[PDB]
Amino acid sequence: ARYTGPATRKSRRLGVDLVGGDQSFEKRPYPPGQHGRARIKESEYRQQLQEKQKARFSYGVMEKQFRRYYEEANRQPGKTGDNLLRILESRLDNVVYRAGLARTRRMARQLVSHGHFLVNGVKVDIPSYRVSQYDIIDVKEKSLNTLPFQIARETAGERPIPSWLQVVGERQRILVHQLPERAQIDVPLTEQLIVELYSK
Amino acid sequence: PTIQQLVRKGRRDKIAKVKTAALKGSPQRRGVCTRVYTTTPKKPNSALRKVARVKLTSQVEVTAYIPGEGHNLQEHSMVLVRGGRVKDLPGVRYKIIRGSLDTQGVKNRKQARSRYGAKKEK
Amino acid sequence: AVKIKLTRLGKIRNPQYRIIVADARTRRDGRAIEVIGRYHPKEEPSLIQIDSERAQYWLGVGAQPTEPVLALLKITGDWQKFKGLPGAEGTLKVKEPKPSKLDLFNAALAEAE
Amino acid sequence: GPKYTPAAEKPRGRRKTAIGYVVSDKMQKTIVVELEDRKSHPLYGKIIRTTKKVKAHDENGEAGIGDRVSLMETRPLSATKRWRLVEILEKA
Amino acid sequence: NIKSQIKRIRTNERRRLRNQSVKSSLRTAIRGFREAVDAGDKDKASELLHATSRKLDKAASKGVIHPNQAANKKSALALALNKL
RNA sequence: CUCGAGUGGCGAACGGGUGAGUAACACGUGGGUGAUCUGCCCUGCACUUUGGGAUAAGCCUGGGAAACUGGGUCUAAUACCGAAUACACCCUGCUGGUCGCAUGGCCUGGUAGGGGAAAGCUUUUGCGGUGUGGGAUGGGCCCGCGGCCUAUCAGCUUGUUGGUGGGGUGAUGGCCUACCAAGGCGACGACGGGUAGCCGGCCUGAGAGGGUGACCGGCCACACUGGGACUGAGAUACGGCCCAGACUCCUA
RNA sequence: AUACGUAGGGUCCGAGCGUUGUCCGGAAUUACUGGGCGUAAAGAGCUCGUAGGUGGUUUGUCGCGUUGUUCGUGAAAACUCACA
């Protein structure tokens, strides 16, 4: 369903920006706890586990929903590494986040929790919703007039909208065009390790 | 190796190498425990481990271990025996679940908190 | 004897039906000799798609549609062919036209710019 | 219409017919015939070749030991005799 | 166990009880024809075959014996006459 | 009007259950039955003529603890029993033509002899009856082939095999039966012991392979146990029956 | 005692989370794919030969095995592809 913990501790443990601008994680880059300073018994096991945990904790996705992502990626005709990154870049909250309309992944998580978004005319309170190409996207007025959402929409100096997403008016219409391409995603650390580990 | 001789006979696996013998491959059975006398583990692992012999409902007489520190079971007890593997003891391949039919969970167990029948601390 | 039947399919709240031809002594979901149609009360137009000439044959040899199956036949006008009393005509309604997959985004782009 | 309405011919035949060798032409109106098979093994691939002792009816006693004959199956003509000796082409 | 069909019980008892006498009579007629044929008398055999071809055909038209059993018996008795 | 009880149809053998049994043409995959049946639906033609006996119900009387049960009288019919026309059909005798898979198949062959039915209610959308010709679908039988283990299971076999003639069956067929003959089955594993319903499938495995027959589907077997019989188009007849035991219940 | 037990403190999962029971693979640990038998498991003490398998060079036939082809065929769901 949904996780509980914040992102700073996981950022420190996995040693990567999970908030994106976590002041406290770069304050304490070592893993949390009395022995984040203490050196770890290094293993490629740890490398792959850290990679998958970064992937899970970056987007707000959670483990059981993540495993079926790999499985369906492997079922896809293309190489599993490509398909997994494509589909993880194909989530409803991900689609609305990359448009710069949500300041956090948890922003979009709680937004789809509340029901502040609309795809093709149908309201989907389900973050696990899949948004296809050429989908019509809109934002409801009750959230539109809300003050922090007004800040998010009007101060949208956040990360730029990728070429496969297009906010095309004041209605926050994200007229999606194509799939998230490998040459266009600009993804964090790759996922070939996940494919090789899960395939065994 | 003489393909025709294969047609004559051959190609069987070696041996099942069975593990569980309570009955029915039961995820657990229940029965009456007795002979709860403590015996000795292996010499390098010098200690003493509390065990018992349980006649399960499966009509077989097996040897079960009593995990944890404290025990609640005594003679004529409805103990639930599960399969186990104790290399520390000779011929002991069973345990009794704590926080279950008869044996109360191990007192104040907190590192496991699911095993040893230690319920949630309020 | 022989009867043309409606058999149930789909999940719980939304019913669907296949128009089959079968013996009475079977159950509702036995071996269909031939699937000759399909119908769904759940969908808007109760849309029906029927193999026509096989139904013509089976009516000829003496297939006896079930009461709602016969109702569906009339809803098609098929019973107006084997019996042919007024002649066969399109009697069933249809799903509304509805836009396409591409024209939706075409209109969205036109509205946007 | 006509009082009498006709029927069909139900194209019929092809009763199993095979070449065998008469081997036990011993009992009255009775022969025993054998057949050959050559079948690839399901697992290994060593084509095995086996036989079968069918019992055939000879109303005429034409056959004899070790004759290359042909047989078509009939209706069951007795308890284990279901073959008709036709198209005889070798004796001895 | 008793359920709303003892009427069927009585109906079947009646139906299987009439056929008892019917079959006894027909079998007695057939055995009589047998003594006629074995005795070597052809006129008595011909008349008994005629009467039985009437009787068993009636019984087959009635609900006592399947149509083809009657035809089988008719042919058998007819040949028994034809050769005596 | 309505409808209990009653006669009489029809339905009830399907629809649901279980996997005990079964190692078997049981199932699946492909074919034959020239050796075959089908109430119900569809479709041709022809007929439906006519006479008579009985009963439930209804009512009276009688025995039995009950279970239940007898006698007397009456009851109508699409109920039953006499009989008549059928030739569309069947059986026989002969015989013409024709295709052959040998028995044989086709011409409702012909011929001649013989034989075989039915119904009322109801005005009411009318429903209904008989016989045959055909459809349809449901079937019944036989066979190719596929799929447990175990000689610390190698001989088994006399209605077993073949023929004959019959009885019987829907049809073939030691199916059964009288005679004749002695065959027939196996190391390509009989006959035995144990084991098990089986398949579409499902799951693992890269694949092969391996394990399962949950549920959803396809068939089969079985419905206190064991023997027997019934009917109907159709019966291991689960909520049909009798008989021999078990168990249980009631018991005059 | 970072292995026990206790605390934080960390890992991960989450209305789940671990334990037991069973099957497949990993096992090539039945080796057809895909094993070996001097010393590690494995050549009977040695002969012949029934069954069986098994085959020299060359001529013609048959096309059973074998392959090529057309069609009937393998219910639906199965499972997958594609659409809703």
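Residues numbered from 1 in each chain as written, not as in the entry; some residues may be left out. Chains lettered and ligands numbered in written order. Part of a larger assembly, values for the part shown. Heavy atoms only, no water.

Method of structure determination, per the deposited record: cryo-EM was used for this entry, reaching 4.7 Å resolution.

Participant: Describe the side chain of C:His40, with residues and values.
Facilitator: All names here are of chain C. Within the secondary structure, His40 sits in the loop between β3 (34-39) and β4 (48-50). Classification of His40 by relative accessible area gives buried; the value is 15%. The residues touching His40, leaving out its near neighbours within four places in the chain, are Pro15, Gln16, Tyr17, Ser46 and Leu47. (Helix = DSSP H or I, 4+ residues; strand = E, 2+ residues; numbered from the N terminus. Buried < 20%, exposed > 50% of the residue type's maximum accessible area, 1.4 Å probe, protein only. Contact = heavy atoms within 4.5 Å.)

Participant: Can you lay out the sheet that holds strand β4 (residues 67-78) of chain D for me, pointing to particular residues and giving the numbers?
Facilitator: Residue and element names in this part refer to chain D. Here 5 strands make up an open sheet; going across it, the order is β3-β2-β1-β4-β5 and the pairing antiparallel. The open sheet has two free edges, formed respectively by β3 (53-56) and β5 (81-86), since each of these has just one partner strand. Averaged over all pairs of adjacent strands, the angle between strand axes in this sheet comes to 55°, irrespective of strand direction. One ladder, built from 4 bridges, connects strand β2 (residues 31-34) with β3; its direction is antiparallel. When the bridges of β3 are listed, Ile31 appears paired with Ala56. (Pairing = 2+ DSSP bridges. Axes fitted to C-alpha atoms, helices over the stretch in contact; angles between N-to-C directions.)

Participant: Describe the interface of chain C and chain A, listing the residues and the values that go with them.
Facilitator: Contacts between the two partners involve 7 residues from chain C and, on the opposite side, 7 residues from chain A. Three residues, C:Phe105, C:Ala108 and C:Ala112, lead the burial of chain C against chain A; their summed loss comes to 69% of the area buried on that side. Applying the counting criterion to the chain C and chain A interface returns 1 salt bridge. Here A:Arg173 makes a salt bridge to C:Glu111, at a shortest N to O gap of 2.8 Å. (Buried area = accessible area lost by both parts, 1.4 Å probe. Salt bridge = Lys/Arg side-chain N within 4 Å of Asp/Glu carboxyl O.)

Participant: Lay out the protein's contact with RNA strand F in plain terms, naming residues and giving numbers.
Facilitator: Contacts to RNA strand F come from 83 residues, most closely from C:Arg25, D:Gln28, D:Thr30, D:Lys55 and E:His50. The share of sugar and phosphate among atoms of RNA strand F within 4 Å of the protein is 73%. E:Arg10 has a polar side-chain atom sitting 2.3 Å from a phosphate oxygen of RNA strand F. In the environment of RNA strand F, a sugar or linking oxygen lies 2.8 Å from a nitrogen or oxygen atom belonging to the side chain of E:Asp57. Among the residues forming the surface near RNA strand F, the class breakdown is 20 nonpolar, 29 polar and 34 charged. (Near = heavy atom within 4 Å. Polar contact = N/O pair within 3.5 Å; in protein donor to acceptor, adjacent residues only side chain to side chain. Nonpolar A, V, L, I, M, F, W, Y, C, P; charged D, E, K, R; others polar.)

Participant: Can you explain the environment of B:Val106? Please cite residues and give values.
Facilitator: Residue and element names in this part refer to chain B. Looking at where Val106 falls in the secondary structure, it is placed in the segment after β5 (94-96). For the pair formed by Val106 and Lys50, sequence separation is 56 residues and the distance between their alpha carbons is 13 Å. Residue contacts for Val106: discarding those within four places in its chain leaves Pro67, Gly68, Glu69, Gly70, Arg98, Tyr116, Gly117 and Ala118.

Participant: Describe in detail the packing of aromatic side chains, supporting the description with residues and values.
Facilitator: On inspection of all chains with the given rule, the structure shows 8 aromatic pairs over all chains. Judged by centre distance (4.9 Å) and plane angle (70°), the rings of A:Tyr70 and A:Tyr198 are edge-to-face. One end of the pair, A:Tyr70, is in helix α4 (residues 63-75); the other, A:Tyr198, is in helix α11 (residues 192-199), with 128 residues separating them in the sequence. Judged by its relative accessible area of 4%, A:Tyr70 is buried. Both rings, one in A:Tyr134 and one in C:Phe105, keep their centres 4.0 Å apart while their planes meet at 15°; by these two values the pair is stacked. (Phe/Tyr/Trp six-rings, centres within 6.5 Å; stacked < 30°, edge-to-face > 60°.)

Participant: Please set out helix α3 (residues 44-59) of chain A residue by residue, giving values where relevant.
Facilitator: All names here are of chain A. Between its first and last C-alpha atoms α3 spans 23 Å; for 16 residues at 1.5 Å apiece the expected length is 22 Å, and the two agree. Within the sequence span of α3, burial applies to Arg46, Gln48, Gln50, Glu51, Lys52, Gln53, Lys54, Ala55, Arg56, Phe57 and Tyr59. Each element contacted by the buried residues of α3 is listed here: α1 (8-14), α4, α5 (80-88), α6 (92-98), α7 (105-114) and α11. Where α3 ends, the next residue or the one after it, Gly60, has phi of about 80°, a positive value. (Expected span 1.5 Å × (residues − 1).)

Participant: Could you give an account of the packing of α4(A) against α5(A), naming the residues involved and the relevant values?
Facilitator: Residue and element names in this part refer to chain A. The N-to-C vectors of α4 and α5 enclose an angle of 130°; their axes lie 8 Å apart at closest approach. By the angle class used here, α4 and α5 are oblique. The hand of the α4/α5 crossing is right-handed. Taking contact as the criterion, the partners of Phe66, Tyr69, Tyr70, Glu72, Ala73 and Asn74 in α4 are, on α5, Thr80, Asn83, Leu84, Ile87 and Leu88. (Parallel < 35°, antiparallel > 145°, perpendicular 65-115°, else oblique. Left-handed = near helix turned anticlockwise from the far one by under 90°.)

Participant: Summarise a nonpolar patch on the surface; cite the residues concerned and give the values.
Facilitator: Taken together, the side chains of E:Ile2, E:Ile6 and E:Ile9 present a nonpolar region at the surface, about 310 Å² in accessible area. Along the polypeptide, E:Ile2 turns up in the segment before α1 (6-38). (Patch = residues over 30% accessible without salt bridge, like charges linked within 9 Å, V, L, I, M, F, W, Y side chains within 5 Å. Areas by Shrake-Rupley, 256 points an atom, 1.4 Å probe, with all protein chains shown as cover.)

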